[PDB]
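Working notes for the structure below.
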Amino acid sequence: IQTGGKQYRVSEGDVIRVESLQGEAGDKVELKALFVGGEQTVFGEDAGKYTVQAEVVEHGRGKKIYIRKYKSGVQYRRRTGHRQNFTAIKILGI
Amino acid sequence: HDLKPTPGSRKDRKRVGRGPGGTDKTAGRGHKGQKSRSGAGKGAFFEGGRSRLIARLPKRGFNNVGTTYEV
Amino acid sequence: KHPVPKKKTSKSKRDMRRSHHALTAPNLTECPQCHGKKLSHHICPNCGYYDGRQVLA
Amino acid sequence: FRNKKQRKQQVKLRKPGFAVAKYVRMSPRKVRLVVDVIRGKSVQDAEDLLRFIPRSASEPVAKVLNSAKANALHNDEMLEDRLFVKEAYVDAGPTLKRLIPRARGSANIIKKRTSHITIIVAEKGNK
Amino acid sequence: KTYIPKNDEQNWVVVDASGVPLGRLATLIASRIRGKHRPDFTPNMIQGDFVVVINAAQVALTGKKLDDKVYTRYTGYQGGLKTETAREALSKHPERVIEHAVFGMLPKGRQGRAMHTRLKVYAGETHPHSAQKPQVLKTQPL
Amino acid sequence: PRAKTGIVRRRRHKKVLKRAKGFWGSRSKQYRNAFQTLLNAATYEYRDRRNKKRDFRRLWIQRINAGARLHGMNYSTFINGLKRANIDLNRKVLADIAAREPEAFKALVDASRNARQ
RNA sequence: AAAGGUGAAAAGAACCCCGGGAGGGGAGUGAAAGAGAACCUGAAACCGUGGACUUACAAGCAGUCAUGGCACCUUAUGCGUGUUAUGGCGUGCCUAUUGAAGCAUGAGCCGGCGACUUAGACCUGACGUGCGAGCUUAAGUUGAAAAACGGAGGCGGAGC
RNA sequence: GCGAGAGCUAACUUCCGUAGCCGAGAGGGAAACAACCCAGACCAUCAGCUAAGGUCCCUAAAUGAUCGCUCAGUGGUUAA
RNA sequence: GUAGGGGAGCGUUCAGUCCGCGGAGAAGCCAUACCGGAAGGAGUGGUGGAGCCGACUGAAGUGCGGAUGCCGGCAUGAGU
Ligand SMILES: [Mg+2]
Ligand SMILES: [Mg+2]
Ligand SMILES: [Mg+2]
Ligand SMILES: [Mg+2]
Ligand SMILES: [Mg+2]
Ligand SMILES: [Mg+2]
Ligand SMILES: [Mg+2]
Ligand SMILES: [Mg+2]
Ligand SMILES: [Mg+2]
Ligand SMILES: [Mg+2]
Ligand SMILES: [Mg+2]
Ligand SMILES: [Mg+2]
Ligand SMILES: [Mg+2]
Ligand SMILES: [Mg+2]
Ligand SMILES: [Mg+2]
Ligand SMILES: [Mg+2]
Ligand SMILES: [Mg+2]
Ligand SMILES: [Mg+2]
Ligand SMILES: [Mg+2]
Ligand SMILES: [Mg+2]
Ligand SMILES: [Mg+2]
Ligand SMILES: [Mg+2]
Ligand SMILES: [Mg+2]
Ligand SMILES: [Mg+2]
Ligand SMILES: [Mg+2]
Ligand SMILES: [Mg+2]
Ligand SMILES: [Mg+2]
Ligand SMILES: [Mg+2]
Ligand SMILES: [Mg+2]
Ligand SMILES: [Mg+2]
Ligand SMILES: [Mg+2]
Ligand SMILES: [Mg+2]
């Protein structure tokens, strides 16, 4: 159920933020499974045929974080800001 | 108030010290030295302790003014 | 010679030191006659009554 | 209401059960020591306990409990036979600094702490 | 995201230490105690099972060790560092060998200490915890 | 013209002291110790970001090892037969399967072993 | 040496209350007494009252990061906020150094003051500009809620 | 570390040469540990493969497989 | 990434100028989970009582944790 690195595990019908997928307010993106999000269970190429669909939900500048670094005795103190851009996705699994 | 200054026609000075940003500590000067010192006089022809090229060399001739001719 | 303290002490310890300095409350009773309040085994100070009268009102 | 100014116009501050020993010549912590026994107790109790606590700061403290009871009964129309010590505390005054000479040439700043002793009396009922 | 569980159960067993090397039973039990065999395993919870050891009297120690195996208990006091052979401690009070072993094999912070308690140590074939219905664990490497 | 600090310093300082809370003693209350405490705190934040990336990985791992062993498999052998049948699952997911989804872990096991021999 | 501030105006608080007092609680004045004469704001260290969550088998540069608990809901019901238990992890800062947690220097804490500047119509460069084989004034003069005049000298022009 | 000198084929020794490293270098390893072995950190991730180095428990990972050795706790500090 | 050179900027005052606010309330202060890559800067709520934000440009006594720094206040040691 993977998507730009991270695998995921969905049941049916939910949100999941991933990263900068293309399109805007309501495209229609689809991915090929590695695993059954529930019943009977099947895995791998035996389950790529079984796939999921998932409609877009939103574009996102996530929660703030800072990037600070320090090394003693040098005066090395670094201060930067950072937000990781994500996309919100509605699960519509086959 | 309309106006504006020519791009690059006024450079903002250097105020040394002030942060690690920045020119931390020292102020360009490094660590110790005779150079480190709030004090005049060094100066510019003072090589070494020593004796200088400047005074190591033959004094040739003298100095006459003369009539110099306009081209 | 001349021992001093090494480091300033904290609000925390310091107030753990004080943990006992807490005053104990005079355990009092009301004095069968004049009716103020007497200390057990002493004279009820208002009237002067230990069983009849002594020090005076 | 609307304006802060309007609220200022309309209401006024009433202080219910409160009185203040200001600028009293005694160190905070000492005086607290008396006062820790008054707090939250049947206000008359406080008048009694404060007759048999043998510390020096018994008396200014009691003086302020009659003031409170006074202000509470009169100025605030309260109920003597159910009045009590809702609050009690003390904080620092402007502490009074003078020099003491010492061995050899040295000198010393010796501080005569003052106290803002303060009690708030109130009505205590369970239901 | 990942699944942090809730500590129901409280599960009990009987390790029979009769004729087993110390270190081995030591790690078997240390592990059952720590919890590591619980796929819902969790590092700030003491999920682990309760271990009842019988016959700590009849443990196996490989020679010549019990005539070589020192135990050093320092006492604060000069000339404290007292000694004890493994056979000494074994005839004396054997559950304090087994205890001693299992206890080096469990974390030395607030947790581990507290975990110690999940150890019930005996000798012969008798325990008073028949009310805790312990599941007779075995001796394997799985 | 002269320009006192006037205001700026109190500003900087408060900034720190508002970062600086929950901190035990002086740390949360005096500037210098505060800002300071935060220098070190910086070190700990950075490293521990990547670090937690390690730690979680560890956690997932031990849970899977468990799982395997719960039947008769080693972690290494399970995961290897789950590389062999090419069942390219994240291991975070594998933990999830393992501890929240029983019979599924069962099957994935039987698979790995099959592909192993 | 440090010393400054009630209010628009003294209208400066008659008068009742606890106390010898000091001080306060009313009242009354005022727009405000959240200005009452220790009288503009009232930061921080620092001392206290109350409340939340916690803390008496525990080993600690006091943080971090992960999870559970409990609490709260005015940029705030989720990426939450406060607090906490358990875990992993973790050698204050500065300066000085071959090398600092260092048992090496400095410092009790918090405020506020505290240090790379100015001058010369000097030198030499980078950016820019205006005129450009040409470029330029100084002292002064006059006017001056403004500036203009001022070639005396300066720099370029040819080297050896 | 390799080359030599002064030393006592002493030194966390000193004076040259030479490579790398720290200095000005975090990250994993060597329990701990400027120099050593792996490796040069532009931010984010609850994603995957490896290096040195590891895989009984503490502490991630084979209490692995087969042919052996030592029984001395050698391993876990020296010699004629 | 240390000494160092370079690049772009954040904030403070005074000043010229414009946008403009303010007793239905200015600055300053106090709380907070918003925004900016960072210096920083906004929203609202409580304080206060008469002044001030913003843009562009100019000039600086222009940004402090250290100097056994200076002034002042308040802590420790101690109810000793
Ligand atoms: Mg360090
Ligand atoms: Mg610079
Ligand atoms: Mg220096
Ligand atoms: Mg030097
Ligand atoms: Mg009125
Ligand atoms: Mg004398
Ligand atoms: Mg990694
Ligand atoms: Mg009076
Ligand atoms: Mg409390
Ligand atoms: Mg214990
Ligand atoms: Mg406890
Ligand atoms: Mg410094
Ligand atoms: Mg030295
Ligand atoms: Mg020390
Ligand atoms: Mg020191
Ligand atoms: Mg020295
Ligand atoms: Mg030019
Ligand atoms: Mg030397
Ligand atoms: Mg150096
Ligand atoms: Mg390193
Ligand atoms: Mg290292
Ligand atoms: Mg290490
Ligand atoms: Mg070394
Ligand atoms: Mg290898
Ligand atoms: Mg393991
Ligand atoms: Mg202006
Ligand atoms: Mg102003
Ligand atoms: Mg200072
Ligand atoms: Mg000293
Ligand atoms: Mg005493
Ligand atoms: Mg003493
Ligand atoms: Mg004594």
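Quick note on naming: the chains in the structure tokens go A, B, ... in the order shown, residues restart at 1 in each chain, and ligands are numbered from 1 in order of appearance.
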Just want the 12 Å neighbourhood of residue 131 in chain E, counted on only C-alpha atoms (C1' of nucleotides), with same-chain residues fewer than 3 positions away dropped. Output as a PyMOL selection string. chain E and resi 12-13+127-128+134-135
Output file for the residues above (N, CA, C and O atoms, as a compact mmCIF listing (two decimals), in the first residue's frame):
```
# COMPACT_ATOMS: atom_id res chain seq x y z
N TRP E 12 1.41 -16.80 34.23
CA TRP E 12 2.30 -17.51 35.17
C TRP E 12 2.89 -18.82 34.65
O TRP E 12 2.24 -19.54 33.89
N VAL E 13 4.11 -19.15 35.08
CA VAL E 13 4.74 -20.41 34.67
C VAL E 13 5.61 -21.08 35.71
O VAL E 13 5.94 -20.51 36.73
N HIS E 127 5.70 -25.20 45.41
CA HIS E 127 5.42 -23.78 45.44
C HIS E 127 4.06 -23.57 46.06
O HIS E 127 3.21 -24.47 46.02
N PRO E 128 3.85 -22.39 46.65
CA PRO E 128 2.58 -22.04 47.31
C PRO E 128 1.65 -21.20 46.42
O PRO E 128 0.75 -20.54 46.93
N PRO E 134 0.11 -21.74 37.22
CA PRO E 134 1.27 -21.48 36.36
C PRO E 134 1.43 -22.56 35.29
O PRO E 134 1.23 -23.75 35.57
N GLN E 135 1.79 -22.15 34.08
CA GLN E 135 1.56 -22.97 32.89
C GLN E 135 2.67 -23.99 32.54
O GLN E 135 2.68 -24.51 31.42
```
So that I can see what lies close to residue 70 in chain B, please list as a PyMOL selection string the residues with an atom at most 10 Å from it, counting only C-alpha atoms (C1' of nucleotides) and leaving out residues fewer than 2 positions away in the same chain. (chain B and resi 67-68) or (chain G and resi 157-158)
Go ahead and save the residues from that selection, with C-alpha atoms (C1' of nucleotides), as a PDB file, in the first residue's frame.
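Result went into out_35.pdb, see below:
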```pdb
ATOM      1  CA  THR B  67      63.373  74.010 -14.775  1.00  0.00           C
ATOM      2  CA  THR B  68      60.871  71.371 -15.836  1.00  0.00           C
TER       3      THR B  68
ATOM      4  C1'   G G 157      48.569  65.705 -20.023  1.00  0.00           C
ATOM      5  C1'   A G 158      55.860  62.368 -21.499  1.00  0.00           C
TER       6        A G 158
END
```
Taking only C-alpha atoms (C1' of nucleotides) into account, find every residue of chain H that has an atom no more than 12 Å from chain F, and write it out as a ChimeraX atom specification. /H:26-28,41,43-48,55,59-64
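Among all protein and nucleic acid residues, the ones that lie within 12 Å of ligand 5 when counting only C-alpha atoms (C1' of nucleotides) and all ligand atoms are residues 5, 6, 7, 8, 9, 10, 11 and 12 of chain D; 28, 29, 30, 31, 32 and 33 of chain G.
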Looking only at helix (DSSP H, G or I) from DSSP on the backbone, list the matching residues of chain D as a VMD selection string. chain D and resid 4 to 10 28 to 38 45 to 49 58 to 73 80 to 82
Produce as a list in words the set of residues near ligand 21, where near means within 12 Å with only C-alpha atoms (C1' of nucleotides) and all ligand atoms considered. residues 22, 25, 26, 27, 28, 29, 30, 32, 33, 34, 35, 36, 37, 38, 39 and 52 of chain H
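For chain D, the residues having at least one atom no farther than 7 Å from chain G, when counting only C-alpha atoms (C1' of nucleotides), are residues 8, 9, 19, 20, 21, 22, 63, 66, 67, 70, 71, 74, 75, 89, 90, 91 and 92 of chain D.
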Chain G residues within 9 Å of chain E, counting only C-alpha atoms (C1' of nucleotides): which ones, as a PDB file with N, CA, C and O atoms (P, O5', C5', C4', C3', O3' and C1' of nucleotides), in the first residue's frame?
```pdb
ATOM      1  P     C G  57       9.223   4.897  48.095  1.00  0.00           P
ATOM      2  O5'   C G  57      10.586   4.103  47.773  1.00  0.00           O
ATOM      3  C5'   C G  57      11.705   4.755  47.155  1.00  0.00           C
ATOM      4  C4'   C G  57      12.557   3.802  46.326  1.00  0.00           C
ATOM      5  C3'   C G  57      11.803   2.703  45.581  1.00  0.00           C
ATOM      6  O3'   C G  57      12.515   2.393  44.382  1.00  0.00           O
ATOM      7  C1'   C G  57      13.363   1.710  47.024  1.00  0.00           C
ATOM      8  P     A G  58      12.191   3.158  43.011  1.00  0.00           P
ATOM      9  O5'   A G  58      13.334   4.252  42.925  1.00  0.00           O
ATOM     10  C5'   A G  58      13.011   5.592  42.608  1.00  0.00           C
ATOM     11  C4'   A G  58      14.127   6.525  42.968  1.00  0.00           C
ATOM     12  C3'   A G  58      15.515   6.134  42.472  1.00  0.00           C
ATOM     13  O3'   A G  58      15.723   6.514  41.102  1.00  0.00           O
ATOM     14  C1'   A G  58      15.610   6.726  44.765  1.00  0.00           C
ATOM     15  P     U G  67       4.670   9.019  20.462  1.00  0.00           P
ATOM     16  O5'   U G  67       4.106   8.119  21.669  1.00  0.00           O
ATOM     17  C5'   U G  67       3.678   6.771  21.442  1.00  0.00           C
ATOM     18  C4'   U G  67       3.605   5.952  22.724  1.00  0.00           C
ATOM     19  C3'   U G  67       2.521   6.331  23.730  1.00  0.00           C
ATOM     20  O3'   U G  67       1.230   5.835  23.398  1.00  0.00           O
ATOM     21  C1'   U G  67       4.557   6.071  24.870  1.00  0.00           C
ATOM     22  P     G G  68      -0.099   6.663  23.826  1.00  0.00           P
ATOM     23  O5'   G G  68      -0.289   6.276  25.363  1.00  0.00           O
ATOM     24  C5'   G G  68      -0.703   4.967  25.748  1.00  0.00           C
ATOM     25  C4'   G G  68      -0.649   4.779  27.253  1.00  0.00           C
ATOM     26  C3'   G G  68      -1.504   5.728  28.076  1.00  0.00           C
ATOM     27  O3'   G G  68      -2.859   5.333  28.156  1.00  0.00           O
ATOM     28  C1'   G G  68       0.657   5.752  28.950  1.00  0.00           C
ATOM     29  P     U G  86       8.692   6.587  37.401  1.00  0.00           P
ATOM     30  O5'   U G  86       8.830   5.721  36.067  1.00  0.00           O
ATOM     31  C5'   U G  86       8.406   4.364  36.023  1.00  0.00           C
ATOM     32  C4'   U G  86       8.401   3.812  34.607  1.00  0.00           C
ATOM     33  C3'   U G  86       9.680   3.976  33.784  1.00  0.00           C
ATOM     34  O3'   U G  86      10.729   3.072  34.125  1.00  0.00           O
ATOM     35  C1'   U G  86       7.871   4.636  32.467  1.00  0.00           C
ATOM     36  P     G G  87      12.282   3.457  33.842  1.00  0.00           P
ATOM     37  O5'   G G  87      12.392   3.416  32.253  1.00  0.00           O
ATOM     38  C5'   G G  87      12.305   2.187  31.547  1.00  0.00           C
ATOM     39  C4'   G G  87      12.225   2.397  30.056  1.00  0.00           C
ATOM     40  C3'   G G  87      13.474   2.949  29.399  1.00  0.00           C
ATOM     41  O3'   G G  87      14.471   1.971  29.188  1.00  0.00           O
ATOM     42  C1'   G G  87      11.630   4.147  28.636  1.00  0.00           C
ATOM     43  P     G G  88      15.975   2.248  29.671  1.00  0.00           P
ATOM     44  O5'   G G  88      16.658   2.854  28.367  1.00  0.00           O
ATOM     45  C5'   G G  88      16.600   2.163  27.125  1.00  0.00           C
ATOM     46  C4'   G G  88      16.601   3.110  25.941  1.00  0.00           C
ATOM     47  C3'   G G  88      17.722   4.130  25.882  1.00  0.00           C
ATOM     48  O3'   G G  88      18.968   3.572  25.492  1.00  0.00           O
ATOM     49  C1'   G G  88      15.678   5.166  25.299  1.00  0.00           C
TER      50        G G  88
END
```
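A straight line drawn from CA of residue 29 in chain E to CA of residue 15 in chain E is 7.8 Å long.
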Contact set, chain B to chain A: 9 Å, only C-alpha atoms, as an MDAnalysis selection string: chainID B and resid 19:21 24
How about saving the chosen residues, N, CA and C atoms kept, as a CSV table (one decimal), in the first residue's frame?
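Okay, this is what ended up in part.csv:
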```csv
chain,number,residue,atom,x,y,z
B,19,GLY,N,27.3,39.1,17.8
B,19,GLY,CA,26.7,37.8,17.5
B,19,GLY,C,27.7,36.8,17.0
B,20,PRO,N,27.3,35.5,16.8
B,20,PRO,CA,28.1,34.6,16.0
B,20,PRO,C,27.7,34.6,14.5
B,21,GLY,N,26.7,35.4,14.2
B,21,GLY,CA,26.1,35.5,12.8
B,21,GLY,C,27.0,35.3,11.7
B,24,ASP,N,31.7,37.1,15.3
B,24,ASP,CA,31.9,36.7,16.8
B,24,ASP,C,33.2,37.2,17.3
```
